[PDB]
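Report on the structure
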Number of protein chains: 2
Amino acid sequence: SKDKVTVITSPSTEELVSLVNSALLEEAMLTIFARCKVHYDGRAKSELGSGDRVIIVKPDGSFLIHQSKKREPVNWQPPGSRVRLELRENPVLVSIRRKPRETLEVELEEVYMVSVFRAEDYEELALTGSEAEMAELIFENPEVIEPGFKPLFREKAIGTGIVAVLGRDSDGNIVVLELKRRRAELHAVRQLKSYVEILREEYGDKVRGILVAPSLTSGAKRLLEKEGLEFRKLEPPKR
Amino acid sequence: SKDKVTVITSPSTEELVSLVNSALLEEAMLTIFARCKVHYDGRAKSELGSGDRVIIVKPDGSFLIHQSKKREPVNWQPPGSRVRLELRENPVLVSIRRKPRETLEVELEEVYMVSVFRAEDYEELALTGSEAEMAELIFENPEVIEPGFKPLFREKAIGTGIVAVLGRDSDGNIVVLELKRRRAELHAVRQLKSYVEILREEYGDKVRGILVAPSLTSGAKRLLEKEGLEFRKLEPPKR
DNA sequence: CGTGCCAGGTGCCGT
DNA sequence: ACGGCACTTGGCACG
Ligand SMILES: [Mg+2]
Ligand SMILES: [Mg+2]
């Protein structure tokens, strides 16, 4: 079928081969319901025993294997990986990524369903409420930080690390912002501390770090105060 | 129902409702190829225009929407979400996470396929090469760091943060390790630096930080040296 | 390309 | 639950 969808339940091997072939050839979406084994070797090494999973191969090369639980595929393979279907005692999907070299091997013990989905999507996701949006707010409304704040750079490389927003205040200090779109953790305060220390090595003792977020974890608040750093409450804007 | 798979191409709304509702009640995997619009509101806010996607709803509430590219769902919902099918101008899949309130709405414009996959999986993933396994190696073979190293605590909480490994050396110094199973970057060093500074205040300047990892980024090397910390090369072990 | 970092990050484990 | 952090993190923007 050259309808959007082809489905075959309990395929024969040649049926199985046929659909996998066409999926790849047509830049379609291959979906398989099968009982399988999965072997991964790559950055790490992985084994998964016999069980039912859903398998998806995207035309861009992405490979997903999902069990009945979580949000995360049990094994996978990133965009740009090449897949082929080898016939050994059972059919085996083999997907290889290079740089770094990673091979994914799915032995298909029984294929309950194979399907080809020739999917048209021209639309891109529009997302609001991000950190960049916070940045834009600050550049178009600096008073949202403090009065007379003068934002200068965004995503600026200082020597070691990249600062979210860099600027000055009314009294002439350098001011660093670390923004976070959620509750700020130790991770963030360490970013901020790191930057501020580097800027001090040049502009000496007049520099302020300011952590801009909707809130802080206990430890963030703790460490923040300890190192004499500041916090301003800010929500990411939605539009 | 006994069949692993139930699938219907071009299903009527009646047929859709049957299988969708069966999927939830039977606690099975729902799979749908469809033309759809997507609306997300939650931590952020999101709009996806009309186009074709694969949709998976797992019995544990996890909800996936995959376009024909990348590895990441364009929208999703975490485990423990609750989904209902709603009949409005078109069928709408509605997944609601509470705690934090997050709403996903999938308007099904045309459903090309709906399927129920009753998947039996008793197997769990066995992965090796983790950072945890790095730590285990070090406690079994402390010499992989340096002669005379005596590892003592693992994931030990110092006042602010949690140190991966705390130990002592031949000079009887307190020693911090941060482990990375892959090439270490600036925040690895920031972590280490953070911990060490905290301990220096208790135990003095004797205290050594060591970054333990298969390799370093240029930037990490730079900050490491600048702060007088150390680097030991270690590859994560694979069973 | 490698470096650095956000992400609706997710998952895990501790208190 | 909140916290602190690893993850085969993935994906992006920038030098
Ligand atoms: Mg930053
Ligand atoms: Mg660690």
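About the thresholds
- For each chain, numbering restarts from 1 and follows the sequence as written, which can differ from how the entry numbers it; residues lacking coordinates are not listed.
- Note on labels: chains are lettered from A, ligands numbered from 1, in written order.
- The side-chain figures draw on all heavy atoms in the structure; neither hydrogens nor water molecules are used.
- Only runs of H or I of at least four residues qualify as helices and only runs of E of at least two qualify as strands under DSSP, and these elements are numbered from the N terminus.
- Residues adjacent in sequence count toward polar contacts only when both atoms are side-chain atoms; beyond that, a polar contact is any pair of N or O atoms within 3.5 Å, and within protein one must be able to donate a hydrogen and the other to accept it.
- Boundaries between domains were set according to an automatic or database domain assignment.
- Aromatic contacts are taken between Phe, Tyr and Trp rings whose centres are within 6.5 Å, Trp giving its six-membered ring; a plane angle under 30 degrees counts as stacked, one over 60 as edge-to-face, and the others as tilted.
- Burial classification: accessible surface area is computed with a 1.4 Å probe over protein chains only, and a residue below 20% of its type maximum counts as buried, one above 50% as exposed, and the rest as partly exposed.
- The donor definition counts N, O and S atoms within 2.8 Å of each metal and applies 3.2 Å to Na, K and Ca; water is not among these atoms, so some sites may look incomplete.

Residue placement: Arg71 of chain A occurs in the loop between β4 (63-66) and β5 (75-77). Only 2.8 Å separates the side chain of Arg71 of chain A from the side chain of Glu72 of chain B, close enough to count as a polar contact.

If you check the domain split of chain A, you get domain 1 (1-123) and domain 2 (124-239). Taking only C-alpha atoms into account, the centre of domain 1 of chain A sits 44 Å from that of domain 2 of chain A.

All told, the structure shown has four aromatic pairs over all chains when counted by the stated rule. Aromatic pair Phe33 of chain A and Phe117 of chain B: ring centres 4.6 Å apart, planes at 15°, arrangement stacked. In this pair, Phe33 of chain A is assigned in strand β2 (residues 29-41) and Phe117 of chain B in strand β8 (residues 102-117), connecting two distinct chains. By relative accessible area, which is 0% here, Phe117 of chain B ends up buried. Centroid distance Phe117 of chain A to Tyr112 of chain B: 5.7 Å. Interplanar angle 50°. Geometry classified as tilted. With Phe117 of chain A in strand β8 (residues 102-117) and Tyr112 of chain B in strand β8, the pair connects residues from two separate chains.

Residues and elements named next belong to chain A. The coordination sphere of the magnesium ion (ligand 1), as far as protein atoms go, consists of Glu178 (OE) and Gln191 (OE1), spread over 2.2 to 2.7 Å. Here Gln191 lies in helix α3 (residues 186-203) and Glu178 lies in strand β12 (residues 174-179), a separation of 13 residues in the sequence. Of the two residues, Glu178 and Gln191, neither departs from the other in class, the shared state being buried.

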